[PDB]
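Structure first, then comments.
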Amino acid sequence: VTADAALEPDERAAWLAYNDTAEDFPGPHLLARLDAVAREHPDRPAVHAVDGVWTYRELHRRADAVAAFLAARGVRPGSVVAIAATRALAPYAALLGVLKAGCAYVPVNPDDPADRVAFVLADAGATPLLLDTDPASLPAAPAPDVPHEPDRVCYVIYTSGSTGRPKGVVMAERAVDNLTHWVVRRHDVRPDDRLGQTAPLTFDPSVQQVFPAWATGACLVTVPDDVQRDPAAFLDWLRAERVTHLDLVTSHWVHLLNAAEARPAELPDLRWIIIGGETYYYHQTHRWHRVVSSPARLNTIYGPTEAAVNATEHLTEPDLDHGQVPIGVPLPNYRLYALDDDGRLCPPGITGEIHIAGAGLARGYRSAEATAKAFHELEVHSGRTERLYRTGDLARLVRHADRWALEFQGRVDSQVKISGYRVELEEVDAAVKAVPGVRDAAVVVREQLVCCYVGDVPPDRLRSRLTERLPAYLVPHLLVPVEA
């Protein structure tokens, strides 16, 4: 009957301990806390981007203007509004203004292929108004009279792992608020802190940096594009900007580790790196702490976009020099289960598929079929019926110190990660084959994405055709013409 029906008392008790994660956070709701910070600390720096720094007062004034513009154009609460994901100040006024309007933002990279942007706008139900005029230059206005409704949708963010099937993750306020409370409390975020935003606004670790900054009076510091793809410069930038908290995808951090080994770094202001996405090992994190002089701790995280950025955390020990870093324990108000093909709860130590329950779950996807294929209901324990997100991820529950922890064990499908982004390799194959002149092609990951192709298209003209067809991070780093 129940998923745990076959387990022995000892085995059942391990899961009950693992998922004993409830935590009540004091109100008010997220946007109310953002307004309170702006009221109490108008003069503090709220966002530092490529074209300047805005105080809390200025950020909220610019957002008020966006919110008033949206209402004037008939965009009522409960609408979805695209924002152009750049590294300037404007998108921050745009996304905060969308929220102040009672709406949800969908971040769009204006450099993405036009066909993919068109799908996102259609699937998200989103207006492009703020893609077509500068949100930071809208006429000054007070914020419109928008009443608080509980659990409003906050953002729609797109994920793949399925070519021709982008899916829009619909994330609502209680999940984002729960996540924000966790970031602030776990990582001791304080008003004088400077939270770097490595991820673009199209990738959800940006949520993890932006809202904890603005909910505390700290400064959100966008990581410039020119600095990121230069690991040595990124290390120096972290020092120069006195960054205290940082998001990193595993593969990006490995590049930083290599840069630090070339030139050991001192990062006295860095306290937290929230890192994850791919499996990594204590022999890598031990190397890191050998060449980085810093109080910075690595908080290893796991989780899908469908459960509000992160679902589990493990504080990475600097002592250990061998073995796989576990993904750890659930975030507050998260519960996770490893289930077999039949939906039974796996005993501790047995590998099953992760299903996630709790406060972090998305409403679903914009698409009904995708929602029905991944979100479901199951009585996992007697008297505990869960709404669950089926992840496609594999893990087992293991002992680590005097505690139960999940250990990640791979995927079910052949979805891989390119610079932290979910992708099916067959999509890049299909794109290069759709270029005129290219007959056959094979794409491989050597992090570095590589492509071999047959045809008389020079790699520089193929690149130009692929940039118009693929997002920049899917355009292969090198393009090798081969005869066969």
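Residue names in the structure tokens use chain letters A, B, ... in the order shown, residue numbers from 1 in each chain, and ligand numbers from 1 in the order shown.
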Compile the contact shell of residue 240 in chain A as a list in words: residues with an atom at most 12 Å away, counting only C-alpha atoms, same-chain residues fewer than 4 positions apart removed.
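The residues that qualify are residues 194, 221, 227, 233, 234, 235, 236, 244, 265, 266, 267, 268, 269 and 270 of chain A.
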For range 63-70 of chain A, please output as a PyMOL selection string all residues within 10 Å (counting only C-alpha atoms; exclusion window: fewer than 6 positions along the same chain).
chain A and resi 57+76-77+79+81+90-103+127+129-130+134-146
Taking only C-alpha atoms into account, name the residue in A:358, A:168, A:217, A:78 that is nearest to residue 156 in chain A.
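Selected residue with least distance to residue 156 in chain A: A:168.
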Which is closer to residue 35 in chain A than all the others in A:216, A:299, A:258, A:293, using only C-alpha atoms?
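Smallest separation from residue 35 in chain A among the options: A:216.
CA of residue 6 in chain A lies 23.3 Å from CA of residue 408 in chain A.
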Identify, on the basis of only C-alpha atoms, every residue whose closest approach to residue 50 in chain A does not exceed 7 Å; exclude the query and any residue fewer than 5 positions from it along the same chain; express the result as a PyMOL selection string.
chain A and resi 87-88+224
Hey, can you spit out that residue selection with N, CA, C and O atoms as a compact mmCIF listing (two decimals), in the first residue's frame?
# COMPACT_ATOMS: atom_id res chain seq x y z
N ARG A 87 23.47 42.14 -17.76
CA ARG A 87 24.27 42.39 -16.56
C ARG A 87 24.29 43.86 -16.19
O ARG A 87 25.19 44.30 -15.45
N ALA A 88 23.32 44.64 -16.67
CA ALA A 88 23.17 46.04 -16.33
C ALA A 88 22.16 46.20 -15.21
O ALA A 88 21.60 45.22 -14.69
N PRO A 224 30.40 40.33 -13.93
CA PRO A 224 30.39 40.74 -15.34
C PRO A 224 30.79 39.59 -16.25
O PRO A 224 31.54 38.70 -15.86
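Using only C-alpha atoms, the nearest neighbour of residue 456 in chain A within the list A:469, A:439, A:396, A:239 is A:439.
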At a cut-off of 12 Å, using only C-alpha atoms, what residues contact residue 361 in chain A? Leave out same-chain residues fewer than 4 positions from it and give the result as a PyMOL selection string.
chain A and resi 151+169-179+303-311+331+333-336+355-357+365+371+374-376+386-391
Write a file of the just-selected residues containing C-alpha atoms, as a compact mmCIF listing (two decimals), in the first residue's frame.
# COMPACT_ATOMS: atom_id res chain seq x y z
CA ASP A 151 1.41 32.37 -3.04
CA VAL A 169 8.93 26.09 -14.36
CA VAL A 170 6.21 28.06 -12.57
CA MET A 171 7.50 29.17 -9.14
CA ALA A 172 5.27 30.80 -6.56
CA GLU A 173 5.92 33.00 -3.56
CA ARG A 174 5.86 30.59 -0.61
CA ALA A 175 8.64 28.54 -2.22
CA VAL A 176 10.77 31.59 -3.02
CA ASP A 177 10.23 33.03 0.46
CA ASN A 178 11.21 29.73 2.08
CA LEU A 179 14.36 29.64 -0.05
CA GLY A 303 18.32 20.34 -6.58
CA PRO A 304 16.16 20.90 -9.62
CA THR A 305 14.68 24.18 -10.77
CA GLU A 306 11.30 22.55 -10.09
CA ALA A 307 11.97 22.73 -6.32
CA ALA A 308 13.16 26.35 -5.91
CA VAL A 309 16.87 26.20 -6.80
CA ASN A 310 18.17 23.84 -4.07
CA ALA A 311 16.70 20.88 -2.23
CA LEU A 331 16.58 22.28 3.08
CA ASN A 333 10.55 22.30 4.85
CA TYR A 334 11.88 20.01 2.10
CA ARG A 335 11.46 16.24 2.16
CA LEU A 336 13.17 13.82 -0.21
CA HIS A 355 11.23 12.45 -5.50
CA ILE A 356 10.91 15.81 -3.74
CA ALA A 357 8.13 17.11 -1.51
CA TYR A 365 5.10 23.73 -15.56
CA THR A 371 3.20 18.77 -15.20
CA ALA A 374 6.49 14.79 -13.27
CA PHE A 375 4.22 15.90 -10.40
CA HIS A 376 2.25 13.18 -8.59
CA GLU A 386 2.93 13.75 -0.46
CA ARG A 387 2.76 15.90 -3.54
CA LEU A 388 6.00 14.84 -5.21
CA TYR A 389 8.24 16.05 -8.02
CA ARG A 390 9.90 13.14 -9.84
CA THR A 391 13.46 14.25 -10.58
Write out as a VMD selection string all residues of range 303-482 of chain A that backbone DSSP assigns to strand (DSSP E or B).
chain A and resid 312 to 315 324 328 to 330 334 to 339 345 352 to 358 364 to 365 375 to 381 384 to 400 403 to 411 416 to 418 421 to 423 441 to 445 449 to 453 478 to 481
Those residues with C-alpha atoms, as a JSON list (two decimals), in the first residue's frame please?
[["chain", "number", "residue", "atom", "x", "y", "z"],
["A", 312, "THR", "CA", 19.63, 19.51, -0.18],
["A", 313, "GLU", "CA", 22.82, 20.91, 1.34],
["A", 314, "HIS", "CA", 26.11, 19.59, 2.70],
["A", 315, "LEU", "CA", 28.73, 21.75, 4.42],
["A", 324, "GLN", "CA", 32.63, 11.65, -3.09],
["A", 328, "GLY", "CA", 23.50, 16.11, 2.19],
["A", 329, "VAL", "CA", 20.29, 16.89, 4.10],
["A", 330, "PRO", "CA", 17.06, 18.56, 2.93],
["A", 334, "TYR", "CA", 11.88, 20.01, 2.10],
["A", 335, "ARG", "CA", 11.46, 16.24, 2.16],
["A", 336, "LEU", "CA", 13.17, 13.82, -0.21],
["A", 337, "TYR", "CA", 12.62, 10.14, -0.99],
["A", 338, "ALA", "CA", 14.55, 7.58, -3.04],
["A", 339, "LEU", "CA", 12.03, 5.33, -4.77],
["A", 345, "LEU", "CA", 10.93, 3.63, -0.60],
["A", 352, "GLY", "CA", 16.60, 4.87, -6.14],
["A", 353, "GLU", "CA", 15.12, 7.86, -7.94],
["A", 354, "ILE", "CA", 14.77, 11.11, -5.99],
["A", 355, "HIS", "CA", 11.23, 12.45, -5.50],
["A", 356, "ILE", "CA", 10.91, 15.81, -3.74],
["A", 357, "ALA", "CA", 8.13, 17.11, -1.51],
["A", 358, "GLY", "CA", 7.56, 20.26, 0.49],
["A", 364, "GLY", "CA", 4.14, 22.89, -12.01],
["A", 365, "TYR", "CA", 5.10, 23.73, -15.56],
["A", 375, "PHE", "CA", 4.22, 15.90, -10.40],
["A", 376, "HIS", "CA", 2.25, 13.18, -8.59],
["A", 377, "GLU", "CA", 0.79, 12.06, -5.25],
["A", 378, "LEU", "CA", 1.97, 9.13, -3.14],
["A", 379, "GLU", "CA", 1.45, 7.89, 0.42],
["A", 380, "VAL", "CA", 5.12, 7.45, 1.33],
["A", 381, "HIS", "CA", 4.47, 6.65, 5.00],
["A", 384, "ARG", "CA", 1.74, 10.99, 4.96],
["A", 385, "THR", "CA", 0.43, 11.61, 1.44],
["A", 386, "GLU", "CA", 2.93, 13.75, -0.46],
["A", 387, "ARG", "CA", 2.76, 15.90, -3.54],
["A", 388, "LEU", "CA", 6.00, 14.84, -5.21],
["A", 389, "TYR", "CA", 8.24, 16.05, -8.02],
["A", 390, "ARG", "CA", 9.90, 13.14, -9.84],
["A", 391, "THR", "CA", 13.46, 14.25, -10.58],
["A", 392, "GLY", "CA", 15.06, 11.74, -12.92],
["A", 393, "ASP", "CA", 18.02, 11.82, -10.49],
["A", 394, "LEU", "CA", 19.44, 8.81, -8.67],
["A", 395, "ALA", "CA", 20.67, 8.73, -5.08],
["A", 396, "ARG", "CA", 21.08, 6.59, -2.00],
["A", 397, "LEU", "CA", 20.80, 7.38, 1.70],
["A", 398, "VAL", "CA", 24.16, 6.86, 3.44],
["A", 399, "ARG", "CA", 25.68, 7.51, 6.84],
["A", 400, "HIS", "CA", 28.01, 10.54, 6.92],
["A", 403, "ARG", "CA", 23.85, 11.74, 10.25],
["A", 404, "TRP", "CA", 21.92, 10.45, 7.26],
["A", 405, "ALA", "CA", 22.76, 12.12, 3.94],
["A", 406, "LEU", "CA", 21.88, 11.60, 0.29],
["A", 407, "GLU", "CA", 24.63, 10.66, -2.15],
["A", 408, "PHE", "CA", 23.98, 11.45, -5.81],
["A", 409, "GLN", "CA", 24.39, 8.56, -8.26],
["A", 410, "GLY", "CA", 23.53, 9.88, -11.75],
["A", 411, "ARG", "CA", 20.56, 10.32, -14.06],
["A", 416, "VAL", "CA", 24.13, 16.10, -19.49],
["A", 417, "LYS", "CA", 25.23, 19.53, -18.24],
["A", 418, "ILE", "CA", 26.98, 22.25, -20.26],
["A", 421, "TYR", "CA", 22.64, 24.00, -17.99],
["A", 422, "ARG", "CA", 20.47, 20.95, -18.68],
["A", 423, "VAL", "CA", 20.76, 19.85, -22.32],
["A", 441, "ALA", "CA", 28.17, 15.72, -37.42],
["A", 442, "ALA", "CA", 29.05, 14.36, -33.97],
["A", 443, "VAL", "CA", 29.24, 16.54, -30.85],
["A", 444, "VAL", "CA", 31.23, 15.57, -27.74],
["A", 445, "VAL", "CA", 32.25, 16.93, -24.34],
["A", 449, "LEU", "CA", 32.09, 21.25, -25.91],
["A", 450, "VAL", "CA", 33.53, 19.96, -29.20],
["A", 451, "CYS", "CA", 32.05, 19.25, -32.65],
["A", 452, "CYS", "CA", 33.22, 17.38, -35.75],
["A", 453, "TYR", "CA", 31.29, 17.81, -38.99],
["A", 478, "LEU", "CA", 35.67, 24.51, -31.44],
["A", 479, "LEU", "CA", 34.34, 23.29, -34.79],
["A", 480, "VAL", "CA", 36.54, 20.73, -36.56],
["A", 481, "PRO", "CA", 35.92, 19.92, -40.26]]
Find the residues of range 147-166 of chain A that sit at most 10 Å from range 112-119 of chain A; for each, write down the nearest two atoms and how far apart they are in Å, to one decimal. Count only C-alpha atoms. Sort by chain, then by number going up, and give it as a tab-separated table.
residue	atom	partner	partner_atom	distance
A:164	CA	A:116	CA	9.6
A:165	CA	A:119	CA	10.0
A:166	CA	A:119	CA	8.4
Selected residues written out, N, CA and C atoms, as a PDB file, in the first residue's frame:
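Final output, saved to result23.pdb:
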ATOM      1  N   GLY A 164      13.375  20.336 -28.385  1.00  0.00           N
ATOM      2  CA  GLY A 164      12.040  20.650 -28.856  1.00  0.00           C
ATOM      3  C   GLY A 164      11.002  20.696 -27.763  1.00  0.00           C
ATOM      4  N   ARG A 165      11.414  20.519 -26.506  1.00  0.00           N
ATOM      5  CA  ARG A 165      10.515  20.502 -25.353  1.00  0.00           C
ATOM      6  C   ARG A 165      11.127  21.356 -24.246  1.00  0.00           C
ATOM      7  N   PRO A 166      11.213  22.669 -24.454  1.00  0.00           N
ATOM      8  CA  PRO A 166      11.531  23.549 -23.328  1.00  0.00           C
ATOM      9  C   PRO A 166      10.366  23.495 -22.368  1.00  0.00           C
TER      10      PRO A 166
END
Show which residues sit within 12 Å of residue 191 in chain A, as a PyMOL selection string. Count only C-alpha atoms, and ignore same-chain residues fewer than 5 positions away.
chain A and resi 37-38+40-41+43-46+56+184+212-220+244
With DSSP run on the backbone, what are the helix (DSSP H, G or I) residues within range 261-468 of chain A? I'd like them as a PyMOL selection string.
chain A and resi 261-262+282-291+305-307+368-374+425-433+459-467
Export, as a compact mmCIF listing (two decimals), in the first residue's frame, the selected residues with N, CA and C atoms.
# COMPACT_ATOMS: atom_id res chain seq x y z
N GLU A 261 45.27 27.22 -8.45
CA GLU A 261 46.52 26.46 -8.43
C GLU A 261 47.60 27.17 -9.23
N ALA A 262 47.23 27.85 -10.32
CA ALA A 262 48.24 28.62 -11.05
C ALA A 262 48.69 29.84 -10.26
N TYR A 282 36.26 15.07 -2.58
CA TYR A 282 37.04 15.71 -1.54
C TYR A 282 38.49 15.94 -1.95
N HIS A 283 39.02 15.15 -2.89
CA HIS A 283 40.36 15.44 -3.38
C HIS A 283 40.41 16.72 -4.20
N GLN A 284 39.27 17.20 -4.70
CA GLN A 284 39.23 18.49 -5.36
C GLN A 284 39.02 19.61 -4.36
N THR A 285 38.11 19.42 -3.41
CA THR A 285 37.87 20.45 -2.41
C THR A 285 39.06 20.59 -1.45
N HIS A 286 39.82 19.51 -1.24
CA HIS A 286 41.04 19.62 -0.44
C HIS A 286 42.08 20.46 -1.16
N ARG A 287 42.27 20.21 -2.46
CA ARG A 287 43.14 21.05 -3.29
C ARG A 287 42.74 22.52 -3.18
N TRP A 288 41.44 22.80 -3.29
CA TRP A 288 40.97 24.19 -3.26
C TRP A 288 41.41 24.89 -1.98
N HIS A 289 41.16 24.27 -0.83
CA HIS A 289 41.50 24.89 0.43
C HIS A 289 43.01 24.95 0.66
N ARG A 290 43.81 24.28 -0.18
CA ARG A 290 45.27 24.40 -0.11
C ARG A 290 45.78 25.65 -0.81
N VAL A 291 45.07 26.14 -1.82
CA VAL A 291 45.54 27.26 -2.61
C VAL A 291 44.66 28.50 -2.46
N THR A 305 15.43 22.93 -10.68
CA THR A 305 14.68 24.18 -10.77
C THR A 305 13.25 24.03 -10.28
N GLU A 306 12.67 22.84 -10.47
CA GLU A 306 11.30 22.55 -10.09
C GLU A 306 11.08 22.54 -8.58
N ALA A 307 12.14 22.67 -7.78
CA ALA A 307 11.97 22.73 -6.32
C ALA A 307 12.74 23.90 -5.74
N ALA A 368 0.63 21.47 -19.32
CA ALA A 368 -0.10 20.47 -18.53
C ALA A 368 0.50 19.08 -18.66
N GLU A 369 0.91 18.66 -19.87
CA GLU A 369 1.47 17.31 -20.00
C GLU A 369 2.76 17.16 -19.22
N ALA A 370 3.65 18.16 -19.32
CA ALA A 370 4.88 18.09 -18.55
C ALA A 370 4.57 18.02 -17.07
N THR A 371 3.59 18.80 -16.61
CA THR A 371 3.20 18.77 -15.20
C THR A 371 2.70 17.38 -14.81
N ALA A 372 1.82 16.80 -15.63
CA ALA A 372 1.26 15.49 -15.28
C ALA A 372 2.32 14.39 -15.31
N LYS A 373 3.37 14.54 -16.12
CA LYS A 373 4.42 13.54 -16.21
C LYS A 373 5.41 13.59 -15.05
N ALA A 374 5.41 14.65 -14.25
CA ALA A 374 6.49 14.79 -13.27
C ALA A 374 5.99 15.03 -11.85
N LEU A 425 22.40 16.22 -25.78
CA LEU A 425 23.41 16.38 -26.82
C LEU A 425 22.82 16.28 -28.22
N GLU A 426 21.70 15.57 -28.37
CA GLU A 426 21.07 15.39 -29.67
C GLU A 426 20.58 16.71 -30.25
N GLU A 427 20.33 17.71 -29.40
CA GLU A 427 19.86 19.01 -29.87
C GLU A 427 20.95 19.75 -30.64
N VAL A 428 22.18 19.73 -30.13
CA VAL A 428 23.27 20.40 -30.83
C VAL A 428 23.60 19.65 -32.12
N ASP A 429 23.56 18.31 -32.07
CA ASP A 429 23.66 17.50 -33.28
C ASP A 429 22.65 17.95 -34.32
N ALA A 430 21.39 18.10 -33.91
CA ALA A 430 20.33 18.47 -34.85
C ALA A 430 20.55 19.86 -35.42
N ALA A 431 21.06 20.79 -34.60
CA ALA A 431 21.26 22.16 -35.06
C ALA A 431 22.34 22.24 -36.13
N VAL A 432 23.48 21.58 -35.90
CA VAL A 432 24.58 21.66 -36.86
C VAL A 432 24.22 20.94 -38.16
N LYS A 433 23.41 19.87 -38.08
CA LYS A 433 22.97 19.18 -39.28
C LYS A 433 21.97 20.00 -40.08
N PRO A 459 34.53 26.69 -40.44
CA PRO A 459 34.05 26.74 -39.05
C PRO A 459 33.63 28.13 -38.59
N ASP A 460 34.15 29.19 -39.21
CA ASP A 460 33.76 30.54 -38.83
C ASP A 460 32.38 30.92 -39.36
N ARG A 461 32.00 30.40 -40.53
CA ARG A 461 30.67 30.63 -41.05
C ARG A 461 29.64 29.70 -40.40
N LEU A 462 30.06 28.48 -40.06
CA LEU A 462 29.21 27.59 -39.28
C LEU A 462 28.91 28.18 -37.90
N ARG A 463 29.93 28.74 -37.25
CA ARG A 463 29.73 29.42 -35.97
C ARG A 463 28.71 30.54 -36.09
N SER A 464 28.81 31.35 -37.14
CA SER A 464 27.86 32.45 -37.33
C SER A 464 26.44 31.94 -37.53
N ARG A 465 26.29 30.79 -38.19
CA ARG A 465 24.97 30.21 -38.39
C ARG A 465 24.45 29.54 -37.12
N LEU A 466 25.36 29.06 -36.26
CA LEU A 466 24.96 28.40 -35.02
C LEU A 466 24.59 29.40 -33.93
N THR A 467 25.22 30.58 -33.92
CA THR A 467 24.87 31.60 -32.93
C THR A 467 23.45 32.09 -33.14
Name the residues in contact with range 13-27 of chain A at a cut-off of 6 Å, using only C-alpha atoms, excluding same-chain residues fewer than 2 positions from it; report them as a list in words.
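That gives residues 9, 10, 11, 29, 332, 333 and 335 of chain A.
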Mind dumping the selected residues with C-alpha atoms as a tab-separated table (two decimals), in the first residue's frame?
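Output (again-v5.tsv):
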chain	number	residue	atom	x	y	z
A	9	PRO	CA	11.57	-0.39	11.58
A	10	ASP	CA	15.27	0.56	11.52
A	11	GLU	CA	15.08	1.40	7.80
A	29	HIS	CA	6.05	37.67	3.23
A	332	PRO	CA	14.06	23.51	5.68
A	333	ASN	CA	10.55	22.30	4.85
A	335	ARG	CA	11.46	16.24	2.16
Which residues come within 7 Å of residue 131 in chain A, counting only C-alpha atoms, excluding same-chain residues fewer than 5 positions away, as a tab-separated table (two decimals) with N, CA and C atoms, in the first residue's frame?
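And here is the file that came out, selection_37.tsv:
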chain	number	residue	atom	x	y	z
A	82	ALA	N	7.98	39.32	-19.55
A	82	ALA	CA	9.36	39.01	-19.88
A	82	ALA	C	10.26	40.14	-19.42
A	83	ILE	N	11.45	39.78	-18.97
A	83	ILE	CA	12.48	40.78	-18.69
A	83	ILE	C	13.76	40.38	-19.40
A	84	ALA	N	14.50	41.37	-19.90
A	84	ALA	CA	15.72	41.11	-20.66
A	84	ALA	C	16.86	40.87	-19.69
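Interatomic distance, CA of residue 159 in chain A to CA of residue 302 in chain A: 15.8 Å.
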